Amino acid sequence: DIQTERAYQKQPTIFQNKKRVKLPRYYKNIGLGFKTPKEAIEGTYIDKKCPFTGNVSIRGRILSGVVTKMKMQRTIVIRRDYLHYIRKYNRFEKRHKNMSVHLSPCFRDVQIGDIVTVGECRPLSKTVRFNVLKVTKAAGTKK
Amino acid sequence: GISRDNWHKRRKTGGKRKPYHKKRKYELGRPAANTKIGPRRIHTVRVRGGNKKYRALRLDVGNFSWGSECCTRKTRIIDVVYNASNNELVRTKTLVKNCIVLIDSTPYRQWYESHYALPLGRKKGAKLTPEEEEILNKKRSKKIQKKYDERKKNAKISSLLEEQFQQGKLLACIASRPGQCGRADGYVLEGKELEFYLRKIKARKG
Amino acid sequence: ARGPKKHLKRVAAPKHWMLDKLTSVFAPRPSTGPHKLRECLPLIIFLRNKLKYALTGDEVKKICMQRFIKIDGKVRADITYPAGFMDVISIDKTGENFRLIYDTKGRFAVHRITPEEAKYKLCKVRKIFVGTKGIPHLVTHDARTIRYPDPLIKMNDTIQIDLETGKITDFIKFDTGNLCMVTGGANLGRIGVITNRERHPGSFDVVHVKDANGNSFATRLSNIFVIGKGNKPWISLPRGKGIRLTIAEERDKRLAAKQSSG
RNA sequence: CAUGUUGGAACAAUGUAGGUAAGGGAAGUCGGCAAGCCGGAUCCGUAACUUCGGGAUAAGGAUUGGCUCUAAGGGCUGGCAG
RNA sequence: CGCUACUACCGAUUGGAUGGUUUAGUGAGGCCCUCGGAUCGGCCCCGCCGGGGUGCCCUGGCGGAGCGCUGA
RNA sequence: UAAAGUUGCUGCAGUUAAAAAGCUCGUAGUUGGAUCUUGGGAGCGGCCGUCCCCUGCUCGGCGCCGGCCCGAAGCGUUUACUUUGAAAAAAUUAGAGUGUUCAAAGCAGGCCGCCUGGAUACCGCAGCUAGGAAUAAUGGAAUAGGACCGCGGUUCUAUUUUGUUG
RNA sequence: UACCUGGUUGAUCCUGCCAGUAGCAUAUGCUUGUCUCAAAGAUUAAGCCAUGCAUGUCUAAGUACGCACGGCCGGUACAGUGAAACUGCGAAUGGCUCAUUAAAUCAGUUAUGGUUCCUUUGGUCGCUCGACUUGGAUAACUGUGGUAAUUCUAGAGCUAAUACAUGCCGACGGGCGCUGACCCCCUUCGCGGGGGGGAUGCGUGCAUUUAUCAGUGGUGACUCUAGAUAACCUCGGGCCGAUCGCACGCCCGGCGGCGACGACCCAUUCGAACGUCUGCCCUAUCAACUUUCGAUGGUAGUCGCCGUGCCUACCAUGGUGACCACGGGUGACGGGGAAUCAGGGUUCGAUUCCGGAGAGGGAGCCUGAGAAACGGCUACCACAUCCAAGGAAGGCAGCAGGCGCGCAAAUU
């Protein structure tokens, strides 16, 4: 389950140590018009870099990419295909900036090839400046 | 000096950056406070913008909020017991943010007697014969003893604070930065937090 | 670049002051105030070349430090005071006054008024604060915390406070058809009305601005002021009468003042 | 077992076998001969050349004491407890 | 093959000279912490004397300590 | 730098002048078949040009006798492409504007107090904003986990209410 | 203005190059009547440098007895100027040069809800229930003292303060919270029980700490802003005005009109810094790169103005690349621009505007709001002027002027 880690993972707002006689979970809305899922609020996991149930505010640019790797933890590698116009040779070329993105852990089942939504914020880490805001399931996966 | 520059180290790919300028002042490091538990020894440090920053070097005063009923009294700090950051910061008794430090129960033992009138612990057979607490545990007005009847059924102690208030040792925590502000303020561990930071000590026992 | 600049080159001086390149070699890096370097016409050039009161740095300085220039109820003695939008300037010797409006072109409204018009200012808030014991507070275009506002005044809205005291009288709540003044770019003073409101949460909220001749375009909500209600201004206007004449019609009437005028 | 077929008293030369040497450092000499240095292990790092096997303990560096803890590495009996 | 004229090439020389990055060793100088304590001022009980409430005292020209205590 | 179409995007060349791998296989890369909204309905122009249309309903009016529609609004595969708009230092440059008396400059001055200048386009790409949906992508139902209707059920639980009290 | 001509042949048609042709911008050659704007030690050496100055500065507004001058009405002090001193504020602006630096710098572009900011401006400056104005030294002044001095330097005797420091009246009389003597009413038999006063013991502003409890204004969006409660407070603690100029009444120690400053503080402006997105020359005779000595993440901190492997700790094993990563190179500061130009392009930008970088080479730091500053300092490494041979002093890539360099660039 959870809290097989060193320091007490908690939300720095809610309480859970009062006299009675299922812990109360704090979330928020994000702006732009995005939906926090059932899985965020039904579950009991504890994370701080989420734009919904954590300390980060989404502002500036909001971009999209396609998921390539999920071998890191709480952060994914997405990829941004675009065409670059060279003025001399009136044609294009494939380039990509596979930007480092934090994996907002409210998204339970994300696969590679899923079109993600990413929002600019303050830097979470050295290269990470983005969070996951929505995910679409693979083309089938019937079994 | 010791810098907080982003350019002295490697890129995403691996290739090393080449420095285009020498170190700036704003990219700044000063050594860790390494603040002991002693008498109140605090050096002030000037910081960027012409402001102070209080370096605790020895510090054992600060207030801790008993989270259940929310009472807070400035208490002496006695022992650093746990630190998830480094197991060796416990040894060289250094106060940092999220140090699980011991404080005295006597300012809160005072308050719970001065509000609820219930003596805790004191192994069965032990009365108080000099008698300051027994007339704080008996002999009120006739009808405001019913105020202590409306404060009896829902003032029952926590599962494992019966075995903390008895020994005069509260597992407190530090939620300020004594290397930045020169205080050691925080709260008293309770419930599942108390069943976490005591799980981290008794698992080491056997 | 280890401290603040104290010179500013005249080739690098902003064009909206309409200084040359040859006479001046530097520009006022001003002794500042409630509006920006770009977003002000400073009290030196608003004096020394746009009614041409003063000539040299000797001549300009010998007007300010006497306490003459009656700026919104407290005379201040700085030649480089940034005078932006919806403040009040007054002259106390010549018998002259100003309200700070945008003309439809790059430059501001260089326009004279009476002291009666220089008695109310229309202080649009940029955000609303609440103080240290649940007391409301304000953050305006001129950054003013003159508190106890109207409960129907929100961020996007313009308030009317009295100059003598600093207490609210009227306001303009955000409504479609309020007399508009776009405070941005080349539309920097389109004297029209708000004709539409549609949302850009996170991006920049779209408000379509209709100039009186039915000119349909849009600017972000950031830089759209509202000068009054419907057709009637609460303030006296500059010339042009809010039409934004195109490059074509600058040959039409301006040459027509050479036929019948001489 | 009784110091190797003898003992006692002296502690000169010159020997035989050990050592130690300020500053220099092979100027000694046929010749670095004799002596010296290096030496173990852990941990780095390892060239020319090559029959790709090697060269290789190449070369060249770092640590090593005591005491005191900590973590990791297993049986057994009827994801556990003893 | 043979004269002539430059031009690069290979080549013993454990060739030479240079910039830049770097492990290893000894390590200037600051800064920080830990003591330090040279000095420099205090506070007290009393000694020599005072002026008034009353041999007990509140303010004092002037010497000496337990450095008792305290600070830059 | 132009001439140089002797670096070739526009715009070269490879039978013999310099040049096609000896030959196929092959991965990225590059380029990839046709195919999915059609014509008439409704007024005018001087038989036919143009216009107007054939997407979904919590707030509000020319209103109105549980209710008929229309405007503000949260919300309608995505991408490229294209148009507009936002913003985008001057200087230089092109030049509206104006006689440095010429020229390059310059926001000068002009009429016997007043009037007027100090704009504008461009600013590859990239970002933003609102249309268009041709062109090329790229999807949606296949042991249907199917779009669309109101049901049988199973929980958290808005508030309109059980005279005030529980 | 969208262009061609000569040259291999005995003559030919061609591929093809060399050569003309025209600008352009460095030198150089010879020649130089008028006047106008006007480049200039960029290229080689960011090589070396002989005096000086450009950063300090004096007013009706901390502050003033220099006898330094000089006015008269003096004993209610301080007339009115002007010098060091310093509370404080400037030397971080400029000017110069292009060495490093290849997603750097930089450009457009949005971000700070990640922060800092004297000046400048909004402001708040009896909210707390517990002084008629104070400390005891210091500065300049001043005398005596040496040491070649160099902007080198002790002791004595005086002493001012928006310093160095302590702080009290008033507002003030309560309200705001608990433990509560005590009383007003009683229903049922006494106990069980339902509501208001009231002595009094305590605690109670503004920034920093957690937590409890509902959610009063606000942005697209809070752990914003809050309400309040337990109340918590660095001798190296935030403020709670020990301020000034000139007017000044009613009055015999009280009231008030207009300036002045600085902080706790929030809100600006000038900014700064870290960030987002997209963009750059050559190179495969650079194909893998980076990583229990930080590589790419987590989580707790450490520290920093704040966001971050920025730096530690114990974990996970990532990140990047055939869309050229990484490595090497550049007679690479980038851009705004420049030359040429049918259309496309191509070369150039050290040079006056902007952004960055550096002050021989590196490195460390004081001060200040703001330098990792060199017209500051401290070293080490190189260069180099004094020396009385003990020991001092120094930075022209600021402006002239040397020296060296060169094809190449002015008047101390």
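Only the coordinates and a few stated rules stand behind these numbers; no lab work does. Every residue, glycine among them, receives a Cβ derived from its backbone with ideal geometry; neighbour counts consider all protein chains shown.
Tabulated data for the structure shown
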| read-out | value |
| --- | --- |
| Note, ³J(HN,Hα) from phi for the range C:225-241, Karplus 6.51, -1.76, 1.60, rounded to Hz, x at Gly and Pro | 8, 10, 7, x, 10, x, 10, 8, x, 8, 9, 7, 8, x, 6, x, 6 |
| Spherically averaged projected area of the protein assembly as shown from its Cα convex hull (nm²) | 47.5 nm² |
| Per-pair calculated FRET efficiency, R0 = 45 Å: residue C:253 and residue C:160 via Cβ, rounded to 0.05 | 0.80 |
| Under the Karplus curve 6.51 cos²θ - 1.76 cosθ + 1.60, θ = phi - 60°, whole-Hz ³J(HN,Hα) for the range A:75-89, x wherever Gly or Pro sits | 7, 10, 9, 9, 9, 10, 5, 8, 9, 9, 7, 8, 6, 4, 7 |
| Most mobile listed residue (C:82, C:233, C:42) in chain C, GNM with C-alpha springs under 10 Å | C:233 |
| Candidates C:73, C:202, C:84: whichever shows maximal mean-square fluctuation once chain C is modelled as a Gaussian network with Cα springs under 10 Å | C:202 |
| Environment charge of residue A:82, counting only residues whose C-beta is closer than 13 Å and scoring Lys/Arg +1, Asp/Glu -1 | +3 |
| Partner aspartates and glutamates for residue B:139 [C-alpha distance under 20 Å; skip if fewer than 8 residues away on the same chain] | B:113, B:131, B:149, B:150 |
| Relative contact order, percent, the range C:121-171 [alpha-carbon distance under 8 Å, six or more residues apart] | 37 percent |
| Above-threshold pairs, the threshold being 22 Å between Cα atoms, out of B:97/B:169; B:97/B:200; A:28/C:124; C:70/C:105 | A:28/C:124; C:70/C:105 |
| Charge dipole magnitude, Cβ of K and R +1, D and E -1 - the protein assembly as shown, Cα centre, debye nearest 20 | 2640 debye |
| Trypsin sites (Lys or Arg not before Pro) lying in DSSP loop within the range B:85-130, provided at most 11 other Cβ fall within 10 Å | B:91, B:122, B:123, B:124, B:127 |
| With Cα atoms, 0 to 90° folded angle of helix B:106-115 axis to chain B main axis | 50 degrees |
| Eligible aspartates and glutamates near residue C:74 by straight Cα distance, threshold 18 Å, same-chain separation 8 or greater | C:87, C:92, C:96, C:116, C:117, C:142, C:162, C:164 |
| Interchain or long-range residues, amide H under 5 Å from residue C:159's placed H | C:123, C:124, C:125, C:172 |
| Assigned charges on the beta-carbon of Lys, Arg, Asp, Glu; chain C dipole about Cα centre (debye) | 820 debye |
| For A:99, C:86, order by how many other beta-carbon atoms lie within 10 Å, fewest first | A:99, C:86 |
| Prolate/oblate/rounded label for the range B:106-168 (Cα gyration tensor, a/c 1.5) | oblate |
| For residue B:177, net neighbour charge (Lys/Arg +1, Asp/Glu -1) across residues whose Cβ lies under 11 Å away | +3 |
| Qualifying chymotrypsin sites (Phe, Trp or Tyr not before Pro) for the range C:209-238 [loop in DSSP, other Cβ within 10 Å: at most 15] | C:234 |
| GNM flexibility winner over chain C from C:248, C:212, C:13 (Cα, springs under 10 Å) | C:248 |
| Summed side-chain charge close to residue C:211 - residues other than residue C:211 whose Cβ falls under 10 Å, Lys, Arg +1, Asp, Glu -1 | +3 |
| Expected 222 nm ellipticity per residue - DSSP helices of 4 or more, -39500 (n - 2.57), all of the protein assembly as shown, to 500 | -2000 deg cm²/dmol |
| Residue B:55 long-range amide H proximity, modeled H, under 5 Å | B:43, B:44, B:45 |
| Within straight-line cross-link reach of residue B:22, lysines at Cα separation under 18 Å, skipping those fewer than 8 residues along the same chain | B:9 |
| Residue A:119 long-range amide H proximity, modeled H, under 5 Å | A:63, A:131 |
